[PDB]
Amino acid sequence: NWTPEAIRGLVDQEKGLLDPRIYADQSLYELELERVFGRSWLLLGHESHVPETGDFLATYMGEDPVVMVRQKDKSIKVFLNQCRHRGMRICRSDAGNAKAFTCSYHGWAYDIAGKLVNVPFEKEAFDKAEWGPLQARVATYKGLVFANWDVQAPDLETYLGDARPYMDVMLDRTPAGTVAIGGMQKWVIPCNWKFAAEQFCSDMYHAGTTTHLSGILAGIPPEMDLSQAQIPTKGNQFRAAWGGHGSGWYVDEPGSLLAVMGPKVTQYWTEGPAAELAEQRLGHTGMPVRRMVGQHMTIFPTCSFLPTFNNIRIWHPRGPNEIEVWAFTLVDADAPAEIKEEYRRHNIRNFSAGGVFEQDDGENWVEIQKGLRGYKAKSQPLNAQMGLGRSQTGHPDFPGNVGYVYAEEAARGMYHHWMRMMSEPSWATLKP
């Protein structure tokens, strides 16, 4: 078995070393479902996925099927999509409206709250209030819905901590808040979830180098070539004080935003009444938001978004060697009809399974996972030494542990917290 001492030596944030077995090992993965996914806050979607009473979304927490459902009192509930009788799935569609939920196996009926309210032949053949599906804790953050099984786990706000200001770049720009664009794309990648989560946590490096050369080329005019494409170098990276969360962004490099989102969005982000209302609201953080572009973020373990592009996705783990990508797009509720359309179009073009950027990430992760089947490929540590000891907590513009955009400080913090969650059984030590 994986002893805490053996688990602690899998990650070395001091030397910048990672044991490749963390991406591959079966028994480690099984520890993750318990130690990581069973007590972390996990993204299920947006409040606008479930606007009115009885509205639901069939989604996941780790490998546990769950139902997110809007209540009469305007609150959101999350229960395990499993009948406690013999285990049958209670909610059998992706989304819609429910007056109730009935099991198709033996007819145990549930209200929209997940309360067991009817059992056929109950008098003829025990308390119903004691046998409903397992309830998860529900906490919202500016439109985003998060869930957590563990009652002893810290509240969302504390869990997020100093990473919140970086979420507000995407979420807190308008007083009316964000809304999710209709539809949620789902596809399957044969790779470990930590590859996907780390990339949006710390990895601008891959976009600034070789991965997305053809992605930039696709967003570049036919007469223009990659030699005329300016390499971005200016920017910063953030590692969360607690949580394993991380973010990276470019500073004064609006070429990168243009090559992805086009002129109409680039203008909406940087110039005009809306761009001005944003920096006023985000003034208390002290961040030059109108100057931040190409931003990536991960809220540990599997909530990842691209604040400049409004691209959000959830990584559902499916063993050590497979994930599911569940991705959606946000827009400001009051944003013009032309602007919403531009966010919609460019997100599809760039970040869906067929996306000109997304296609290449899938190719990379798949070939890494395949390699980790080899013995010697797991025998030596992987390099995570970028920006080792170059970041400091006193930046004039950006709060928290901030360094260079091309670094792995956010990465080292992500894996270190992963290590911590896997080796510490009690929140007594784990909590911030």
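Residue indices: 1-based, along the sequence shown.
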**Complete:** Going from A125 to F126, the deposited residues skipped in the model number 10 or more
**Item:** Residue range whose averaged C-alpha B-factor is higher in the record, 191-199 or 255-263
**Value:** 255-263
**Asked** Per the PDB record, is the mean Cα temperature factor higher over 314-322 or over 165-173?
**Response** 165-173
**Prompt:** From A278, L80, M88, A327, can you pick the one with the highest C-alpha B factor in the entry?
**Reply:** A278
**Request:** Sort the modelled residues of this chain by their C-alpha B factor and say whether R344 lands in the lowest, middle or highest third.
**Result:** highest
**Item:** Where the record places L28 (Cα B-factor, split into thirds across the chain)
**Value:** lowest
**Asked** Based on the entry's values, in what third of the chain does the Cα temperature factor of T59 lie: lowest, middle or highest?
**Response** lowest
**Item:** Chain thirds of CA B-factor: placement of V11
**Value:** highest
**Request:** Place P381 in the lowest, middle or highest third of its chain's C-alpha B-factors, as listed in the PDB entry.
**Result:** middle
